[PDB]
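Everything below concerns the one structure shown next.
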Amino acid sequence: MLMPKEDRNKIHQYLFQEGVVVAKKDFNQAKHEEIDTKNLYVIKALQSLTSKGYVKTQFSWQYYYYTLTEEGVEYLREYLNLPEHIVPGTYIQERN
Amino acid sequence: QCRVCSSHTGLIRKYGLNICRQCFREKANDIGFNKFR
Amino acid sequence: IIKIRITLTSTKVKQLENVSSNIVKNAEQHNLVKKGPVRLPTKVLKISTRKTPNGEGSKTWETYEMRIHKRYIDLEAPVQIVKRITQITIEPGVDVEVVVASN
Amino acid sequence: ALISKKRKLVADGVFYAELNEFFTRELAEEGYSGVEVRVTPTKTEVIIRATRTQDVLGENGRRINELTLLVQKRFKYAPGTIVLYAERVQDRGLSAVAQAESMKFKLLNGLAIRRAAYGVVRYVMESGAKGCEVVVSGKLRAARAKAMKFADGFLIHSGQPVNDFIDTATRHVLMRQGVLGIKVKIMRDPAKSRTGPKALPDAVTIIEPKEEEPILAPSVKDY
RNA sequence: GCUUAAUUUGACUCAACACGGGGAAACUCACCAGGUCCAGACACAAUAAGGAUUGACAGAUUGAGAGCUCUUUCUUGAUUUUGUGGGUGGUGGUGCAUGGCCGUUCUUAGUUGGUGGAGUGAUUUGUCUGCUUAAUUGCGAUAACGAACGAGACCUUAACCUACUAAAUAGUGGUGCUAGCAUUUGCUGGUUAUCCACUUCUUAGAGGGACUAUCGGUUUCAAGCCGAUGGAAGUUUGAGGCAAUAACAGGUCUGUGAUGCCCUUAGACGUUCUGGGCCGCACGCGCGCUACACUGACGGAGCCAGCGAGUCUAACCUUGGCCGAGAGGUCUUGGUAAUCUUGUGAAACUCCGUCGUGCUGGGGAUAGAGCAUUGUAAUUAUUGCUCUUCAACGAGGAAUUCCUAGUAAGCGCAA
C-alpha cells in the first residue's frame, strides 16, 4: 500500500485543532471534506500511523474513528516546527 | 450494503432503515419496536 | 394576535395528556379563544420476519409493532402570550410544532 | 424541509441505536449505561452522566468537547449546539439499568469462576432487587461445552411488563477471562416501584378490622 | 440425478424437498479454462543521482479492450518500487481453545423446598383409590399441614356504550345565493366560507359493564355438568403474545473461537473489465395453480371494501385535457399526509340476451409473423398488447391431507 506524499495539508495538517478522523469503509469516490484523504489516502496512511500509536480505532458500523493522545507531540510540533500553546491535542480548541 | 452478520441479502428496504434482518432481531428493541400480538 | 395551530405527534401516551392538559390550562387562565384537542386516528407500523438466523426448521413468523399517536390544537392569542408558554412545556420523547397558517 | 412524516420517528431510533455503542466500547468505570437524549429547541442535549468526570472534564475539557468532535462531525451536525450536559450516573448495584454494567465486568482478572459467581449475588437481592439476570455457559479446561448456571430470582413480566422491564441495556466485557456477546436482563423488586404497579397480580391483601363495641345499650342523646 | 468449459453449494422420517426471505441477466459472487493491480508497521539493507521509481505510457506503438514496450522530453526522488528474515501483512472459501442464547424440537398436559412423620443409611411420605377439569385444575380421603415456579392471573386485540368532553385534516341539521322542478305546497340537486346550530353515525382519551347471573333438574348434595328465560356478549366470551429439561459440534460479523496451514503475506481472499450459476432429452413423492362445463361460457347492463403505501438532493404516488386499437406517448396538476391519488367504483355473484351438448363456441397447453416500453446491455423468447394456431385433457389405480362456526370452501389483488 503506497503512501503518496504530495501534500501534507491533505496528509496530516489541519487536525491539530481537530484531533479526530472520521472515515468510512470505502470504495472509489475520492472526495471527502474535513479530512486529509480523498477517499483512500489517509485511510491506508493511518494504517502506518496506528502502528506507531497515537490514534485509536473503533469500527462501529463501518465508520473508522481516530483520536490523538500524548504520543503525538513528537511529530506535529516539529514537522510543522511551530512553538507550543498553539498546536496541542489535549487542548484541541478554545475550550477543549 | 452488507452490514454485519453474514448478510447482503434479505435487507429491509422498507421505512428507510436498511438493516440486515439477521441483525434486526437484536436491534428492534432500542429502535422502539416491540411485539404485542 | 393571529390564529395559530399546534401539533404534537408522540409515542408515549401517558406523556401526552400531561402536555395537552397544561396547554389548555395556561390558555384558559388567560382565557383565549380555542378549540379542543382533536385526536387523530393512530398509525401502526409492522414487519413480518421469520424467527431463525439460518433457514433450517419449521415455519411461522414474528410480527413487530410501533404505535404513533398524533393530536393537534388550533388557537389564537397575542404573540407575547404564546411565545413564552411554548418554551416551558418541554419533555423528552415529545415533539412540538407551531403553525400560524392564515391563508 | 421536504420532510417525510413517520420516518423522523423511526430514523432517530436508528440514531438512538448507535450512539450507545461508544458508551459501551470506550468506557468501563463510571457506569454510564443508560443514555438519554433530550432535544430542546435547536439543541440536542444528551446528558453526560459520569460518576468520575475527569476523563471528560480533566484539564477543563479533557473530553467535554473532544468526544463531540467525532459524533457531531459524524452526523454532519452543527458545532456548539451539540450540548452534552454533565451529570452523575446512578449507583452501582443500587440502580436499575446499571445491573447490566454491574455484571458486564465482574468476572475475574484470573481466578476460579465460582468465586467470581458467588460474589455478585448477595448485594442487591437484599438491597434493592428481587430480579436480575446475567448469562454464563462456558467450559473449565477441557473439550466440553458444559453448562453450569445460577441466577437471582423470578422476574416481573406480567404482560406489558416485558416491554418496560426490558430496556436499552447491552454491555460487553471488561474481564480478563471470557469474551463473547454477553447480555443481561433486569426485572427488579416491586415493593419500591413508584412508577406504576407495585405488586404482582396474584397478590391479595385484606385488612384487619378493629375490635368491636360489646352490645351498644340504647342510651340515646338529644345538640 | 444426469450433463458440463463449471452447472458454487448448505439441509434428507414427522423435526429435508416455494427453504436458507434463493421472484432473473452485469450489482449479489461464493464458482469455471482470459485479464488485471494492489501485498512494508518497526527494525534490515544496497543502486538513493553518476540513478530505482514517480512513467501514468506519451500516441502511433503492439500484435489483443487505457494496456504491461519505451522511441524519447520525468513530478523524477528514495515515497518506495525493491531484496529479505523475523512480524507483519491483516478480512474471507468452514467451524474448533479462557466465552455462546439465536433458533427448531420432546412440546416443564409437570418439577422443587420449610418445619412434621418413617428408616443405621442412601432414600421416602406430602406429589394418592375414586369422581371432576382445557389443566398435579379442583373437591374429597389422609402422617401429614402450610406453600412457591409452570398452568390461572396478567398483556394486546375484536365485539356493547343515545353516559361524558371535544371535531373545515370527520359528519349530518338549517338559513341562504342556486338549477331542475309534475308541479301548485313538492321531491332531488347547488357549493366555499351562505352563515348559524349540532355530535346519533366517525375518531381517540377517561370510565362502566359478565360473575356462569337468576330460577329447574342431577351428583357422596361436594367440585361441577346439563337445561331454561334475560342479556351487546354465557365454546377459558372470540384470537394471539409471553414463560427452559434436553447428545442435531447448522447458533459465528469488523462474534474471537475469547487457530498456528484455510497458499491464511507473482495474495488464488480484491476489484474493475470479461461469457458461462439455480436455466437443457422419454417418467416425480413438485403445497393448490388452468381444467374436464348448462348451478356453463360469451355479450349487454346493474355496482358493492378492508389493512396498508408514497417525491428534495430528487424522481414516489398519480387523477382531467390530451393522441392512439390496445400497450402506451404528450400537456398538466394534487399529495410529507384522516385532506390528494382513493368512495382505491375489486372479483365472485346480479338481471337481459346469444349459444345447444358434440371432447363444439368447453380447454388453450407448443408455437411463427408483429408494436411497445426498462436499462450499459433482453439472443437462450426479462416482461406486455395484436392476428393466427387450437395439440394432452370425459372426474383420476394402489394410496394419502399446512386448513375448526362467520369455521371449511370459493372470490381477492393491498404491503
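Since chain D takes its numbers from Swiss-Prot, the residues it shows come out as 3-225.
Structure method, as recorded: electron microscopy, 3.7 Å.
Keep in mind that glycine also has a Cβ here, set from the backbone N, Cα and C atoms.
Taken from Swiss-Prot as is:
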- D:21-92: domain 'KH type-2' (DOMAIN)
- D:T44: phosphothreonine (MOD_RES)
- D:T70: phosphothreonine (MOD_RES)
- D:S97: phosphoserine (MOD_RES)
- D:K106: ubiquitin cross-link (CROSSLNK)
- D:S129: phosphoserine (MOD_RES)
- D:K132: ubiquitin cross-link (CROSSLNK)
- D:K141: ubiquitin cross-link (CROSSLNK)
- D:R146: omega-N-methylarginine (MOD_RES)
- D:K151: ubiquitin cross-link (CROSSLNK)
- D:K200: ubiquitin cross-link (CROSSLNK)
- D:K212: ubiquitin cross-link (CROSSLNK)
- D:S221: phosphoserine (MOD_RES)
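Across the structure, D:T44 (phosphothreonine) and D:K132 (ubiquitin cross-link) place their CA atoms 42 angstrom apart. In this structure, of the recorded positions D:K132, D:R146, the smallest number of CB atoms within 10 A of the CB marks D:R146. The Cβ of D:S221 (phosphoserine) has 5 other Cβ atoms within 10 Å, all protein chains considered. Annotated pair D:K106 (ubiquitin cross-link) and D:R146 (omega-N-methylarginine), C-alpha to C-alpha distance, rounded: 24 Å. Residues in the domain 'KH type-2' (D:21-92) partition by DSSP class (helix H, G, I; strand E, B; coil) as 18 helix, 12 strand, 42 coil. For the recorded sites D:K200, D:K212, the largest tally of other C-beta atoms within 10 A is found at D:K200. For D:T44 (phosphothreonine), the Cβ neighbour count at a 10 Å cut-off comes to 7, with all displayed protein chains included. Counting only residues at least six positions away in the same chain, the Cβ atoms of D:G95, D:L96 sit under 8 Å from the Cβ of D:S129 (phosphoserine).
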